[PDB]
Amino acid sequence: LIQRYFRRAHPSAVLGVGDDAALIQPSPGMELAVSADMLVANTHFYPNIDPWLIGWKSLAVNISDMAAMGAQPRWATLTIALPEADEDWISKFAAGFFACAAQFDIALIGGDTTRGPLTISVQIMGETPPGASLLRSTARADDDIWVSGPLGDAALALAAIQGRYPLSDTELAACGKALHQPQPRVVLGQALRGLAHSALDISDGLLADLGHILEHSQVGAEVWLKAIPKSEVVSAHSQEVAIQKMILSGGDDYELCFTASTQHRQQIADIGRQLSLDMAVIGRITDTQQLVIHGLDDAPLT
């Protein structure tokens, strides 16, 4: 009834978190990796889609931030501004969020909601041994640059849904899995402790996220578009420039881009096969701090 400057989130019966869940016990000897995130609904492409998928992917993209640091995720908190009272929406969101948490053994230790334009905040916490974390700032000259899986599917699915690129129903059924349920590379990240010099997940595309590695590490890169892992659909259309743009800078892949000494090539390829991933070395970190991209004819651009 009283109008305060702000509304605050309160415990949600649908999320069902006990107030004693706020206390956790970190494993002795471990450091904790912490990442907080905020997702705002896009009024120009509003998520009028299955709220189960919204919940599932909302956690997944935060689990991918833990993977990028080589951490074992253990706990999450959730706060949500809901634009109207809609019991069906929050129940379905919760189911998908909880499904993703179960798959990755994550406990929800806070779950609160309030009223307002749709906004979802997740904080995720995980464990790493001291000094064994992977950072974006620590890439080295003559590192191989690796990508953990195919790039461009999520962007291609999105382009097709938006009427921007023509896909068949069969092609869209293939790429759409990568859009709606990206699989965070949690076990890979833990396996890369001691082997990778730097890592970051690819959320805003290879150019942007490799770019963040280069800017924070004060180094450059040389990459080959032909070397980048590609799905069957993306590979088939990879002669088209619109598709090459998606491979290099499409959103929402949620693979890891990581760097490592050429000494560890064989061990890293072996890990990739052991986890059923399609990884490749795409290029090399250089001393000269430019990003040069060789297209399919091997001709460079900066």
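Numbering starts at 1 and follows the sequence shown.
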Segment of higher mean CA temperature factor, 108-116 or 127-135: 127-135
Stretch with the greater mean C-alpha B-factor as recorded in the entry, comparing 23-31 against 53-61: 23-31
Among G189, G149, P166, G152 - the residue whose C-alpha B-factor is largest in the record: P166
Ranked against its chain, the third holding the CA B-factor of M69: highest
Modelled-residue ranking by C-alpha temperature factor, third containing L82: middle
B-factor third for the C-alpha atom of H237 within its chain: lowest
CA B-factor ranking of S261, expressed as a third of its chain: middle
Among modelled residues of the same chain, the CA temperature factor third for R140: highest
